[PDB]
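Contents: one structure, followed by commentary.
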Amino acid sequence: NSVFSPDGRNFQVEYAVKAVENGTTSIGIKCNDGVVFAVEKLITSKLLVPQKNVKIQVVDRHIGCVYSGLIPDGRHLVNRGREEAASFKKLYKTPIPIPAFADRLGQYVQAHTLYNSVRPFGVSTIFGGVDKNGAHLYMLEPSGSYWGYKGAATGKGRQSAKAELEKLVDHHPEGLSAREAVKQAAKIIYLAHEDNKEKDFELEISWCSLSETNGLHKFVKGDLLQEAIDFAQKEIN
Amino acid sequence: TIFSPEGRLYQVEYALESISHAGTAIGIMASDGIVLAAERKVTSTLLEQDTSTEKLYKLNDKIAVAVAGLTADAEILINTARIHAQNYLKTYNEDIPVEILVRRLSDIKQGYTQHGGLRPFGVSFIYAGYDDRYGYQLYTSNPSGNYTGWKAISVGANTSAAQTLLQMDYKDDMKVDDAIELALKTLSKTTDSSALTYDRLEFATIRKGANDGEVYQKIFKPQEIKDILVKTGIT
Amino acid sequence: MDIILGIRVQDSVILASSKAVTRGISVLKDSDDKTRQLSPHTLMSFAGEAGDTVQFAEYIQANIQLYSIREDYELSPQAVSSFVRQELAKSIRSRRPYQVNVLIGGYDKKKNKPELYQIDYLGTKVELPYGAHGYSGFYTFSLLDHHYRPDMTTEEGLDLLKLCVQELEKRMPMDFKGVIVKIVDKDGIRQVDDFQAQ
Amino acid sequence: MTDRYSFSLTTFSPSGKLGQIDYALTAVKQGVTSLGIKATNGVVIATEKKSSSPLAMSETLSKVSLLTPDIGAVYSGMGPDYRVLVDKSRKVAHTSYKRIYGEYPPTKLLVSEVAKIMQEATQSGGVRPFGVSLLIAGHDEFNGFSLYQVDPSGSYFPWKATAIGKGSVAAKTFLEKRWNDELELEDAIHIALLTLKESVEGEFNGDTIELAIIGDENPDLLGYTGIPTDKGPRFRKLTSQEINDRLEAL
Amino acid sequence: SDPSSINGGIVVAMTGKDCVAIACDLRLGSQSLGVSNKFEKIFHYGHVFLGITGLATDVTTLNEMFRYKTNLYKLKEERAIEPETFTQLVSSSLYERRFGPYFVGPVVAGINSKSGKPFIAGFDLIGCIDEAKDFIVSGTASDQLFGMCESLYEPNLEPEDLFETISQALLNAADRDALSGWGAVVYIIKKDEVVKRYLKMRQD
Amino acid sequence: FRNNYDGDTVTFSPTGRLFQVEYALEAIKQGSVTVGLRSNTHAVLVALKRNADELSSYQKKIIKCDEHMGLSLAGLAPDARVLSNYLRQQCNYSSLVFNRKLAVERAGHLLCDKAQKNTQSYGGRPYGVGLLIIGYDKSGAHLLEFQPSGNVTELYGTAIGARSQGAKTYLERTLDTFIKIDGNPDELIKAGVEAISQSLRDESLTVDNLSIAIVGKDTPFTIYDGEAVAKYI
Amino acid sequence: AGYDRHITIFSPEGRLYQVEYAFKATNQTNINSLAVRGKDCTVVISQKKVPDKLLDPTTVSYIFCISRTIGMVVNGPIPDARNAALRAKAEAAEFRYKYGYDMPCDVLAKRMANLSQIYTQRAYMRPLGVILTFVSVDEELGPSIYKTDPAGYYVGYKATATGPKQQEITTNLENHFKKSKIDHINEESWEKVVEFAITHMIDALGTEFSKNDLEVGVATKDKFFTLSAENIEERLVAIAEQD
Amino acid sequence: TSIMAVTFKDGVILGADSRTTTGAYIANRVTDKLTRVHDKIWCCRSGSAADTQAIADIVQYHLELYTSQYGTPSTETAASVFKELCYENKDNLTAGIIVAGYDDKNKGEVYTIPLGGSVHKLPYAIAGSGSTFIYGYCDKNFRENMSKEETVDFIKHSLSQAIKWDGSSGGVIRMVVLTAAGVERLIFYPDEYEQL
Amino acid sequence: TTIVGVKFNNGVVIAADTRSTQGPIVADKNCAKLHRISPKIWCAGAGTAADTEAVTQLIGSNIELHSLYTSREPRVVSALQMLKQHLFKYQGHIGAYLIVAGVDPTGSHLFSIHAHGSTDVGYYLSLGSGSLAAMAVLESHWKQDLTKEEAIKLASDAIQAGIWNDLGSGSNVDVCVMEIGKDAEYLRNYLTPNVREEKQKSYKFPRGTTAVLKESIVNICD
Ligand SMILES: [Mg+2]
Ligand SMILES: [Mg+2]
Ligand SMILES: [Mg+2]
Ligand SMILES: [Mg+2]
Ligand SMILES: [Mg+2]
């Protein structure tokens, strides 16, 4: 961890990335007034209760987080993000800006790459929301590296997901609505699942949109979800 | 600080090993005084002799040590020993008996030997002191924290050869002047250098206040060592 | 209140200490020994606040006894009194000070001289031919300024003490129930068991 | 968060060596030469400013440092270790001495404090020794002028003259040949310059050399007048021009 | 009541021609009761002299602390502490206990063994240095002492004369103070020798 | 690849694996089988107790956490004690501070977070126990599975421990039937005892062998052992 | 490999390998930067590479506003970069609060180098794989460039360059100051000092730049600021009408 | 002390007298009571001068750190930092602060933080010993969306009355004008405002 | 105590009387109340005498260390910020009231500090029991753009007002002049208007006047 290789690399972090790649695929899409988050939930057995192992997490009221890799490591990161968002709001009264929040997580993840008594996190996290000046979407690697994204994907289906995302950025340079971005997220998760077709899966979507949710993080449920599932089932065939 | 399968303390043994390369230091106890002599580690013409003290240190007005090992390790311990002597003075309004000071220092070394994962102090001491309970006393302590009392003793390089020579010529009814001679002869015989000259020595006595009823520590200036080196017939 | 007297003659130090323990309107005891032996040739008497008195004495007794066994040696009376003074000096600025005054009488075997030290609860030490703590000194200091000689025998000193106790029995408002008298000399510490009717 | 090396990193080897101290001394050996010469009425400490880039500005990096108004230091070895040692040395002069006795420490005692700071890096858990040797030159009322060397182990020695770093053996030889007890300060400066030329590859001028003295009081450097018993620092860094002046009649 | 009044006592120091004098009474009391006729209030560390008045337990404690500190000084420095330096050491030692001070009034007397200049100083309980060059006074009769000294003093007195002056200042100040007196000791300090004289005085 | 990478929980393997965690997972498989399942009205724990000797007690596998919550254990038993005590405290804190029964889901999250911290701290080991958690809260019956990796999942039914793969397949097969055993405690328990049977190379399940627990709509969490289980054998 | 490769203890040769390995980390981003001093300004130019077209180009930056007056450019992986940025900001705000004046460029640099020295000496800390270049117009020293590395070394520069192709740029500049004989760019406007920096980066690296290929920070008397794509475009056009 | 902040059409104006007293002695007759914690966020201090300087110095530190990391702070954020310090330390502070600021979004804003550390957003605020005498005058004469000149007049007239009656107030009237245009310092001498 | 600070066109002057007291009693007839924080930043204090000296020496020590660390001349605003923060922490229990004046690379500066930790800025200031007497003079004669000469005169006159009218002040006037380009000039006993008159009689005693009980030589050596 605190150990540089002879050519400046950190093998432990590179190994942590492998745990991420081994993970279920998750994505985020930035629309013209918000952000959408989707994730692939592997159905190991019929015994798993449908809708009841929620992966996507809220931080404060305006932020969604999704991750691939070691699920517990992600929860650990979200706990910290919640303490970090509360601390900001307590002192500054305003809810934490998305970039502000990004760095909070970043610095925390980076700290776990400084010391021999600690391991890096075994997750990549896709997160974001709406603040004072618009939508923001971020992705954060085990090294603590993070940037803003137009669209992002991580986990096993990452390469095909990135390909689909890249197409959308080309076909819609003029923004792209929250309602479309939800549909398209369901699509991309379905296409990314192609790899794992041996086991069945469940789809989870959340969104935070200025006009559709009033800038609050909200889970996509009911008819809106079914409509997005129907669109993905249609466009896969 | 761990034991070997043999029941030995590696780090202590290796510290003792390091000390056997340091300049020899000799202490001799006579009926009317104590002698401390030590060989400086091979130096240069450009070393300031007048302001140099690598081997002989004053603990209080009645107690001194000769050092063998790391000087920087020794200064650490000397400083605490000085403080300890003043604490005793403050508490009891009497000068610290020599053994009490020696025991404490030896206990500090023992500690490093038993807990904390720090390396031992690479230091052996010869203590030369006077108090009104045992009169003149001579003690020795090494990195293990063990300590022993002696009529004559050496530490550092060639202790085995120096010890045999002292065993040969030492006698209980000696005066300080006889002990001064014995210490310098023994160093001359055990040196690893051409000649035992003044510039390669530190020398000190604990007598009877020149003429008083009190106790006096004389730490010899370079010139005085040169004089006393001719007197004893080594020029 | 509690009576604590000391006198140093030529070859011994004599301590006298009242026997009463009084709480409220009741004398609970009339045979109290306000003394701890610290070492074979050093004795300490004490007076002050109800609990602190014995606690401090016994604490001091434990410390000197520890020293004796560690060194296989007996500290001089001057050393024990300096140790005691320092303990009190620390105490006075601690959270709850020991409210104890003490007399230390010792025979120094190295000098062959008796020694009396008076130390109050603040850690005020002084070496004296005779001493007292509390109200008792308001009578005995002047009496002894008159009657005392530096070359008196142990028996002469016991008379000088009898005189002091007679005056306190005459003029002091409280009944202190006589004193226990102890002599400290080259042979150590002994109690005179006859003083109340000697 | 938390240290997993709460044990000494300098330990004795079977032969008695303290490896990390030996290896630190090796780092000092690769360092640029520095030296000190003591005269009757002054001390000179000198060294070469080996610059990392010609785009760098070598005046922004001093190797010769004031510790107290009467004490200066120079080093060979790892510069950054020196920089932080100077900070701690300045501070300890105040906290352990000036805030107590209302005057600056004498040279030997400050050296003693620095030595302690270096000794601790030799015994404490989780640290390596300092990779430097210092030369410390000073004056004080009761000991006159003095010169000390301090090593990674915490050892210090008083010197009439010495050198450390790269060409130290040859320079110590050149100094034994040239030193005597009647040297005036200007003579010692002259020898310092000569001794340094053998150790210096490139250009040899007041911009590439760094030199300072412990001389007499500079009342012009005090900053105030009116207190007669305050006479000014004895530490003085020589200017580029002052150096070049002495290199003409070299 | 006042901790600086419980015990009683006075110390005065004066400078003369190539000399200094320091004096003190011998009283130790407990309010109205006089306890000890032998309580000396001047001590010395090397050629540096220190008088202390005030609470006697603190007088004793500060003596032991300054013996401690000057002994350590001498070992590390390889010389005796000088009067100017010691003065600073007393000041910082007192100020260290700013919010729990020793109840004392210390006085420093001595001759700088290098310059030969006579030196005196006073301090308040928290270490504020009184840097006067003529006389320093302290204790329960300090008012009486200031009066005597301001009247009696003149500069550059010979040691034999300075002795009379400092003694007369002490005695008469002591005799207007119920808590001072009971004997007195006077030190005449020359760069080479130091004479100590016990004075004869009223014993009431 | 497995060589120098399993010395502590603070090192990743070149595959990105945590071997200490995987080894802790292996102590669960060494444990005696226990089954959990639920309908809409009740949740049942069934556990095969194990004796050291024929002279010995059979060790308990079921621990009560609150009136509406309890768990069964498979793996290191002292680790179950540590984790159940924590869970009892979290249940307690919720009642005292908020006058609120702890959601079974939140119990899951709290256990997960606790396990996680031990998969990332030098000097500590991971927990070496699996737990099955049943409860009845404001949203009805619940079953959870806890792995000491920190993964907790909500299930209609499951089994952990040696030979548990049988019982699991059974439950997977019987899903549609047992989920609907509403208002009938005895039938649900029967289906649980039925399920644990598919995990026996052991033998017949006796009165000393068997441990059952139930919680539900109008039943506090209750443990059955000994003579009180005979009517299910 | 022994312990002397994994933590910051000395090797038998008196070297610290973890420090040397940290220097190699600085180049992992494959970005080059240069700083030059104007008459009354200081300019940092750095390359801007945005490989992934899923990235928001506006969030990709290695230039930081440390305080009102101090800018910092980092050569090294971003996580370490942002650690250094955060600390420097915190150090800058604290200095001002405690001492009542703005922290000088050189003093922040010394402070950051001191922190780096610590990671060089203490076993439990790894060094940061970054090189920090600090710029400002100091109220006392004028335009300033100070650069710190993983060894805890720092110094002032007339101009400087950092990155994989550091040398090519360095020698280019070394050659310029040979010609000019002065230690800054004799030019009034910061706009012309920015043009000089972009120009000499182009020659040294033999590469043309679009407005999205570069990143610019400027320090003047009492402000440090970064240029937008458009401000840079205006600079690119300006150079191209002659060069 | 007489201190006030008033919102108007183009921003916000802060005003104060310049008198600090210890007892009946005027320790300083030309105090600057208008304190900058950011470019366009200022405050007026009342109560213990030690306390309010210590607080303002800390807020200034927080807002500088805030700006380095997250950009320009809103007036609400400044007010919230002040409140945090005042509330959490109510047992050892005697501090009444009025916060005033301008940003492009929220225009001119005023918050008052009285003794106990509560926060109140107001169109205008008055405070200090001298304020008590002008509650009537200010409530009758203040209107929303006044011009710069009208607002400067309102503060001038208000504080001259507060100065007229309160012995602890007086000296010169200082003002800071806060708008999109920038920051403007104003001063008014007794010979002008006494004749009002 | 009377202390003053007076700005002029090219710098700043500070002055103080030289009387220290213990209640009604004068202990030192000629003490120094002008303390150095650094070579060109000087300080005058009133209140608890040990406190003003100590807080001055502490902050002076740290300012020296700062200066060395930063390679810059110490600034007056740094002395002010460190003093006020230190004093504030102790809530007035360190009874230091100070006038702090100096020059630095940014110009010249005049400040007052109070024991609870508040500070102020001005062109003329007084502190101490003599402050009102001094301020009356300052309010009478101070003008903008004083020459160095006039500023010394004004400050000296202000101190004199305290000397003659305040019982807490007396004896001599000390001045320190700090001009922007120059070394600070400390002018000890710049005025001495209170020389004690020759006494009417000499009080030197005939030798032997004092009765001596016993005598002995004291050993200094070892
Ligand atoms: Mg990814
Ligand atoms: Mg008095
Ligand atoms: Mg009297
Ligand atoms: Mg390190
Ligand atoms: Mg008014």
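For chain B, we keep the numbers from Swiss-Prot: what you see runs 11-245, in order.
Header says: X-ray crystallography, 2.6 Å.
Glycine too: its Cβ is placed from the backbone N, Cα and C atoms.
Listed in Swiss-Prot for this protein:
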- B:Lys100: ubiquitin cross-link (CROSSLNK)
- B:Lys199: ubiquitin cross-link (CROSSLNK)
- B:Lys231: ubiquitin cross-link (CROSSLNK)
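A map of Swiss-Prot features onto the structure.
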| residue | record | Cβ within 10 Å |
| --- | --- | --- |
| B:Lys100 | ubiquitin cross-link | 16 |
| B:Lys199 | ubiquitin cross-link | 13 |
| B:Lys231 | ubiquitin cross-link | 13 |
DSSP output for B:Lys199 (ubiquitin cross-link) maps to helix
Rounding to whole Å, the Cα atoms of B:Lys100 (ubiquitin cross-link) and B:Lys231 (ubiquitin cross-link) are apart by 32
Rounding to whole Å, the Cα atoms of B:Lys231 (ubiquitin cross-link) and B:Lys199 (ubiquitin cross-link) are apart by 23
Applying a CB distance under 8 A toward chain E to the recorded sites B:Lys100, B:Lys199, B:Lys231 yields B:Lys100
